[PDB]
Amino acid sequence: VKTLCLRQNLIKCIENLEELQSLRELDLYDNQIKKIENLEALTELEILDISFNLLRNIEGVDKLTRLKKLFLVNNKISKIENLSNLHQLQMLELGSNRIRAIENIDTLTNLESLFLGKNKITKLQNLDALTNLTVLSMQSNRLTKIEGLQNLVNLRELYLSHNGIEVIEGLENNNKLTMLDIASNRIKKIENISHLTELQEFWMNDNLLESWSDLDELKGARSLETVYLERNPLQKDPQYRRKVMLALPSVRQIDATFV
């Protein structure tokens, strides 16, 4: 065997998966599993996908030391735990869960992607050890302040949509940012992003932006190709598209319209 895809079944318990030792990828997407167990024997497994299930806790993956990707999207997981042995983990997908705090991931120094969207996290913390982190998704959470990103120096994609962020800050050491998404917040002013020179796409729709002089912060991004500013108070200006066009000459797309 090499890849078992038991997608879309009525599985409620994990069993009779012991004879297969050479399995590298197990896919249990969209089932009714309630507990992770009987998986310790798949030691050379590189990809585990138990997304869209009824999991409430993370367990039974203590022995999968060779895991590279872990998909646990859409479950009932309340706390992040029992992942400390997965040193080779590069991608961690925990979207659409019930997590309230970022914890117990400091041992995953080889993480390149971290997805925690549609959860209940209230504070950005405990990310200081993921210096290899390239993508971080914290959208549709309870975030109120941007912080804890001072050690994500290779961060190139940051998604903070649908939160309660009021001020743009904490992005001092994230100079490699190419995609910054802070749309659907309570931001009133664009600040502290003038050092983000490699920005390509920048979503800031559904905020409270008022002054046109904030676009001076984006002048350093010569590769800025796409910018979203709709549903801001800036759109009340009848030359909203042209004003963005003139201030940001490098962009080829404003909202859903090309230039």
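Don't overthink the numbering: it's just position in the shown sequence, from 1.
Per the record, averaged over C-alpha atoms, which has the higher B-factor: 239 to 247 or 5 to 13? 5 to 13 has the higher mean C-alpha B-factor.
For the stretches 82 to 90 and 120 to 128, which has the higher mean C-alpha B-factor as given in the deposited record? Stretch with the greater average CA B-factor: 82 to 90.
Could you check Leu199, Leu45, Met204, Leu208 and tell me which one carries the biggest Cα B-factor in the deposited entry? Out of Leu199, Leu45, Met204, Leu208, the record gives the largest C-alpha B-factor to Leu45.
In terms of CA temperature factor as recorded, identify the highest of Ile36, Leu70, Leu234, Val227. Largest recorded C-alpha B-factor: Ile36.
Considering every modelled residue of the chain and its Cα B-factor in the PDB entry, is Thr109 in the lowest, middle or highest third? Tercile = highest for this residue's CA B-factor.
Using the B-factor values recorded in the entry, state whether the Cα atom of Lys219 falls in the lowest, middle or highest third among the modelled residues of its chain. Middle third, going by the recorded CA B-factors of the chain.
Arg56 - Cα temperature factor, lowest/middle/highest third of chain: Answer is middle: the recorded C-alpha B-factor places it there.
Could you tell me which third, lowest, middle or highest, the C-alpha B-factor of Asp30 occupies within its chain? For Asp30, whose C-alpha B-factor we compare with every modelled residue in the chain, the answer is the highest third.
Per the entry's values, where does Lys76 land by CA temperature factor relative to the rest of its chain, in the lowest, middle or highest third? Within its chain, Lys76 is a lowest-third residue by C-alpha B-factor, going by the deposited values.
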